[PDB]
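Student: Curious how this folds, go ahead:
(chains A, B, C, D, E and F)
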Amino acid sequence: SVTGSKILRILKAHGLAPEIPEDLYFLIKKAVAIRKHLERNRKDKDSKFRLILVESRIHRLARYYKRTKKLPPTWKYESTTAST
Amino acid sequence: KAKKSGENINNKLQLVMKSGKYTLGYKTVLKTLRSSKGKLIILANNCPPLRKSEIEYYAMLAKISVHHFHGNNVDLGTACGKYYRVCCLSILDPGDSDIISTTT
Amino acid sequence: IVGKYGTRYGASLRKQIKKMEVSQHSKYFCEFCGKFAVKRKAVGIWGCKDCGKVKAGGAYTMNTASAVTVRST
RNA sequence: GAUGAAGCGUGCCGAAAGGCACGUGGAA
RNA sequence: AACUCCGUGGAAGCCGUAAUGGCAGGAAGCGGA
RNA sequence: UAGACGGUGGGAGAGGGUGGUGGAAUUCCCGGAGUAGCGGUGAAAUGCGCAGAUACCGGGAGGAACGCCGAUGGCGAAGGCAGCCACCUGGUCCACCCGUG
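Tutor: Residues are numbered from 1 along each chain as shown, chains lettered A, B, ... in the order given. Take a look at the structure below.
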C-alpha cells in the first residue's frame, strides 16, 4: 500500500496543512476578518455579539491547551492577550 | 471562479518566515536592486507615495520583477499582541516555496 | 481635555470641547503613506510627522462626513 | 508658592474591551 | 554643544528623554560634512 | 469516541453594516388647456378658490415609504428585519464521516 515513509515525504513538501489545535488559528482568522468587518459597520451589534463569543471560545481553547500541557498554554495565554 | 482565491499569499510568505535567501526593508531592497542581487520585489498595497516610486525605478533599472502584494505580520498573533510590518521584501532567497514562479 | 476649564461654563459646553478635542487629538491615518502620524497644524490644516504631507481637512477632524461623500460621487 | 487637567510611562488585571494603582506631565 | 546631513553598520525589541518620542521608508554603535 | 469542536462538499434566508439606484404616490413649483366651485360631514361649518382653485395634460424640485410577489412564509439571541444592485459581514441546516479526543 502506501507506506509511512512515502507519506511523510508528501507531508514535508506541503508542510502539512490538512487539519486541527489549527482550531485556534482558524478562529484567529475568523476573528481578524470579523474585526476588520466591524471596523466599518459599527452598527452591527448582532454580529459583534458573535465576535465576543469567538474571542471567548479562543481563550477557552488556549486555557485548555495551557492546562492539559505546561508548554502550549504558555504561548496561548499570551497570544490571546488573556489572563492579566 | 473559486471559493476565496484570497490570500494564498499570506500562507505563501508564511512559510518563508521559517524556511529562508531573502531580505526585508526598503533600504536593503533598494540596495539589492542596485547590486542586482534581488530576483523579485513584493510591495504592500498601501506603501507610501514616491516611497514606492523609488523601488519602482530601481526595479526597472535593475530589471527586477515587481509583484504588487504588500506586507504585515502574522496578523492573527501580533494582532492580539503582535506585528512587525513590511512594505517590501526582496527575493534573493525563496526556498521550499515558489512565489517566484508564475505569480506577480 | 476640558479639565482646564475648572467649574466654569457648564456641562454641554465643556463636554463637547472634550469630545471634539479628543477626536481632534486622536492618532490619524495619513492619506499619502498609511501611518497613523497625522497631527493638526492649525484647525483644518493637517500634517504627517512621518513624511511631512500637509493636507486640507476639517477643522477638528482630518476628514468630514462631506469630504468622504466626494470620493464616491 | 499651591492645586494638578489631557497626554505619556510602568506594573497588575482582562479574551478584548478597557480597568486599577503608582509615576510622569503640566493645563487653567 | 545642539540641529541638519552623508557613509558605514543591519537592530523584527532595541535606542533615547525632564517629558514627548525614534526605527527595515533602517535604530545603536563607528566614522565624517 | 457515543458529547463538543473542526475539515470537505451542498443549501435557504425581510440576519447586520456601507455605498448606489428604480418606479408608484403625496406636497410644492413651472407650462398648457379649463370654469365655479372644490373640500369635508350624520348633517354641517371652519378652510381653499375669479391674484383662476378643484378635475385634466406636460415639465421640474424635494422628502418619506417600498404596492403585486406576501404566506396560513422566512431570518435573528432578543429588540427586531421586507423595491432592486454591488461590496463588507454574523448566524444556521444537510451529506460524507474525514480530523481533535
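
Student: Please make it C-alpha for all contacts and neighbour counts, starting now.
Tutor: Will do.

Student: Can you point out the helix or strand that includes residue C:40?
Tutor: strand C:38-42 (DSSP states H and E).

Student: What residues sit buried inside that strand?
Tutor: Buried residues in strand C:38-42, counted by 16 or more other CA atoms under 10 Å in any protein chain shown: C:38, C:39, C:40.

Student: Please tabulate those residues in a markdown table and include distance to RNA strand D as additional columns.
Tutor: Below are the buried residues of strand C:38-42 laid out as a markdown table (distance: CA to the nearest atom of the strand, whole Å):
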| residue | distance to RNA strand D |
| --- | --- |
| C:38 | 13 |
| C:39 | 12 |
| C:40 | 14 |
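
Student: Can you name the residue of chain B nearest to RNA strand F?
Tutor: RNA strand F sits closest to residue B:3 of chain B, with a gap of 6.9 Å, by CA to the nearest atom of the strand.

Student: part of a strand, is that residue?
Tutor: No. Counting by DSSP: H, G, I helix; E, B strand; the rest coil, residue B:3 falls outside a strand, being coil.

Student: what sits against residue A:78?
Tutor: residue B:81 (CA atoms under 8 Å, 6 or more residues apart in numbering or on different chains).

Student: could you measure it against residue A:59, distance?
Tutor: 10 Å (CA to CA, to the nearest Å).

Student: Do a quick rundown of the strands in chain C.
Tutor: Taking DSSP state E to define them, one finds strands in chain C at C:38-42, C:45-48, C:54-56.

Student: do you know which of those strands lies nearest chain B?
Tutor: strand C:45-48 (11.8 Å; CA to the nearest CA).

Student: check whether that closest one contacts RNA strand E.
Tutor: No. Strand C:45-48 is not in contact with RNA strand E by CA under 7 Å from any atom of the strand; minimum separation 9.3 Å.
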